Structures are given as C-alpha cells and as structure tokens.
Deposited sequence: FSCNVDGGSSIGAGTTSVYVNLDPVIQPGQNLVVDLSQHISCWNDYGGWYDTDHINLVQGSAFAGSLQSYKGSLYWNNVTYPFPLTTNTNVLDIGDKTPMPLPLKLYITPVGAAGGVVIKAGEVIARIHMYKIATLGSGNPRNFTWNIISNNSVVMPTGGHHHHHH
C-alpha cells in the first residue's frame, strides 16, 4: 500500500506535509472547506484485488494546538464525522493499482491573521491494514498546512 501528495513520490508510512489553499479572507463565523481529495491519493501496490488494503482515519485526529478551539467536521468515504475525531472512521478498501484520490474533506469553523502560511492547521491520522497474513499495518499522518495567510477583520 502506498500514497502520494500532489502526484509526488510514493509514501509507505509516516508523516507527510499536505499544502492547501485556503480562503484568504473570512468573516466570523464563516466556514472553510478543505478538499483533500485534490492532493492525497493512494493505491494497492499489487493490484487485482489480491491483497486488498483497508484504510480508516483514527480517533484523536484534530486541529493543530493553536487552533484547538476550532469547531469542524471531517467527511470520509460517505460519512461526515465531527472533527476532531472522537472515533475511528469507516473503512475504505483499496485494491487497484490506479491511484485513488482519498474521499476526504475537512470543514473548518474558526472559534488580523488567523492562520499563517506554513502553519499546520490539522493532523489527520490514517491507519492501513491489508488482508493477507498479518496485513502489515502502517500508520500515516497528514499534516495539513496552509499555503497562504488567512485574515479576519
């Protein structure tokens, strides 16, 4: 099982930065939408649904400290959860070689410069396990980072 960000190099595990464009100006209590399907894609390294991969997002995934007061929601594979995640999400199953954009969207409600360019706004923990043998479990963390400043007069 592997993933990439913006069509980049393969990722087997670990923490990866995910840069996203945010609305440069928002008024309280305006809502920000972050479509991560436009950045993160994953695939089965064998294909043919031989050793199918099973992916879910993990309890504890949340906004990044400085934004710990923010309210939000996390859409994942046909279900919309409250964010930060208080439970593990449903399982998405991957068995094709062709990259699958993650069906993943983050809805943010903030509670001058609100968010800094280069600032981690959220950390999404993703868990993988396959079908054959032990399934070779692996952990991914997607550090969502803003490409631009977000202000709020």
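Peer 1: What ranges of the deposited sequence are left out of this structure?
Peer 2: Holes in the chain trace, numbered from 1: 112 to 115, 158 to 166.
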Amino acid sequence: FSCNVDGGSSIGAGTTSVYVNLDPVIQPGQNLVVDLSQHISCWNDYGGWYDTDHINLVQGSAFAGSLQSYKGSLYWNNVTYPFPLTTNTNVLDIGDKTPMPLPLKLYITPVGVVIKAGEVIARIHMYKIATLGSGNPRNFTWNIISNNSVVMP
From here on, numbers count along this sequence of modelled residues.
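For clarity, a rigid core is taken as the largest C-alpha set superposing within 1.5 Å between two forms.
Peer 1: Using RMS Cα distance over all structures and residues, flag whichever of 132 to 140 and 19 to 27 lies farther from this form in 8 other deposited structures of this protein after a core fit.
Peer 2: Once the cores are fitted, 19 to 27 deviates more in 8 other deposited structures of this protein.
Peer 1: Quick one: with the core lined up, is it 118 to 126 or 28 to 36 that wanders further in 8 other deposited structures of this protein, going by C-alpha RMS?
Peer 2: When 118 to 126 and 28 to 36 are compared in 8 other deposited structures of this protein, the bigger C-alpha shift is seen for 28 to 36.
Peer 1: Among the other entries of this protein that model both neighbours of residue 111, is it absent from at least a third?
Peer 2: Yes, residue 111 lacks coordinates in at least a third of the other compared entries.
Peer 1: According to the deposited model, is the average Cα temperature factor higher in 24 to 32 or in 48 to 56?
Peer 2: Mean B over CA atoms: larger for 24 to 32.
Peer 1: In terms of recorded Cα temperature factor, pick the maximum from 67, 102, 91, 85.
Peer 2: Out of 67, 102, 91, 85, the record gives the largest C-alpha B-factor to 67.
Peer 1: In terms of CA temperature factor as recorded, identify the highest of 126, 62, 108, 42.
Peer 2: Among 126, 62, 108, 42, the highest C-alpha B-factor in the entry belongs to 108.
Peer 1: In terms of the CA temperature factor given in the entry, to which third of its chain does residue 114 belong: lowest, middle or highest?
Peer 2: CA B-factor rank for residue 114: highest third.
Peer 1: Would you mind checking where the Cα B-factor of residue 135 ranks among the modelled residues of its chain, as the lowest, middle or highest third?
Peer 2: Ranked within chain, residue 135 CA B lands in the highest tercile.
Peer 1: Please rank the C-alpha B-factors of the chain's modelled residues and tell me whether residue 141 sits in the lowest, middle or highest third.
Peer 2: Answer is middle: the recorded C-alpha B-factor places it there.
Peer 1: Per the entry's values, where does residue 149 land by CA temperature factor relative to the rest of its chain, in the lowest, middle or highest third?
Peer 2: It belongs to the middle third of the chain when residues are ordered by C-alpha B-factor.
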